[PDB]
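Taken in order, these protein sequences are the chains called A and B. My numbering puts the first residue of the first sequence at 1, with every later residue one more than the last. My numbering puts the first residue of the second sequence at 1001, with every later residue one more than the last. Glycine included, each C-beta is placed from N, C-alpha and C at the ideal position. The block underneath contains the structure these notes are about, expressed in structure tokens.
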Amino acid sequence: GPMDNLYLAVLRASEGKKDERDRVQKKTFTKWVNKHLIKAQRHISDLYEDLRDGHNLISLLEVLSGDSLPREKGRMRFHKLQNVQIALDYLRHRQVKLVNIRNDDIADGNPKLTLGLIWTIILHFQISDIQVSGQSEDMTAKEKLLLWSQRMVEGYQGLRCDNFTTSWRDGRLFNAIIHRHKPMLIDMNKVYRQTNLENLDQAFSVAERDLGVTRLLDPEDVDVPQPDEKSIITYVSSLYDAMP
Amino acid sequence: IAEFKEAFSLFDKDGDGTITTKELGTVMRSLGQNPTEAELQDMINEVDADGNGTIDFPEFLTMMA
Ligand SMILES: [Ca+2]
Ligand SMILES: [Ca+2]
Ligand SMILES: [Cl-]
Ligand SMILES: [Mg+2]
């Protein structure tokens, strides 16, 4: 009879790809959350453990919004579920879509839905803000950020911004955007002659040191055939935020 | 669905909408496995509904359902 061996090979390859995506997003989102939690004297070590009881999520939302949220002080699983729900309800009231993200999943440390929760928070508070000169009417925020990126790198020889994945892998785009903003910070001759990892490392270093932009991304995770789109968008948005 | 299409594209190296034994073996070797030619053909045959020797996306979908 049938033995499912192709199915198992597809499962192995597919799970490998999804696990790698989760791993890279986990790093990005942990660093992003910590950029804000530090303002509340809090810090995440493990994104799949340290949001389970709801307290860091509530604090994250308080920092991002400037609002005061309710908070359960009880220590049992009942209270953790309630506590997480406080954060979800805050977001739902603000029309934030949280498809399939339940208080149980966050309290259980579910990787996909915990990552998904931070992504919707990043989208709502940071990425959704953008407006760009030249933007069309029903352009999404993502589309506006892509347009902004495209405008910033016009005039640079051989650079293309077609997407938020492969276009960014070799680090040239990140350097060109910083150079457009403050040309004294970037030697484009070096950029054109350097390896992908050198370019990525340098762009991230300059943006942190000189523009105050948190290094969210590790060069080794970006210099790959298919960079993580959510991770790229989060960081590019952060570059935009630092460039008035 | 998009998830299944991403998974299919992991195997469909030349993007011709079909997976061959060579494409299958390529992925499996990239994941540390070392299947034989006969093993590869057996794997494809099992879900090769129309018998043409390769797996297209509809056959892939049937398998993964
Ligand atoms: Ca093919
Ligand atoms: Ca077939
Ligand atoms: Cl729910
Ligand atoms: Mg529940």
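{"Check": "Cutoff 8 Å: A1007(B) Cβ touching any chain A Cβ", "Outcome": "yes"}
{"Check": "Where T1026(B) falls: helix, strand or coil (DSSP)", "Outcome": "helix"}
{"Check": "Ligand 2 heavy atom lying under 7 Å from the CB of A1065(B)", "Outcome": "no"}
{"Check": "Heavy atom of ligand 3 within 7 Å of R102(A) beta-carbon", "Outcome": "yes"}
{"Check": "One or two residues paired with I127(A) in a DSSP bridge", "Outcome": "According to DSSP, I127(A) bridges with nothing at all."}
{"Check": "Separation of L200(A) from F174(A), as counted between CA atoms", "Outcome": "7 Å"}
{"Check": "Cross-chain neighbours of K17(A) in chain B, by beta carbon under 9 Å", "Outcome": "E1006, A1007, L1010"}
{"Check": "Sequence-ordered residues whose beta carbon comes within less than 7 Å of a heavy atom of ligand 2", "Outcome": "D1048(B), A1049(B), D1050(B), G1051(B), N1052(B), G1053(B), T1054(B), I1055(B), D1056(B), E1059(B)"}
{"Check": "Proximal residues of chain B, C-beta to C-beta of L6(A) below 8 Å", "Outcome": "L1024, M1043, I1044, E1046, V1047, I1055, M1063"}
{"Check": "Under 8 Å between C-beta atoms of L216(A) and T195(A)", "Outcome": "no"}
{"Check": "Three-state secondary structure (DSSP) of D221(A)", "Outcome": "helix"}
{"Check": "Those residues which DSSP pairs with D1056(B) across a bridge", "Outcome": "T1018(B)"}
{"Check": "Proximal chain B residues relative to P111(A), where beta-carbon distance stays under 9 Å", "Outcome": "Within 9 Å Cβ-Cβ: nothing; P111(A) doesn't reach chain B, min ~16 Å."}
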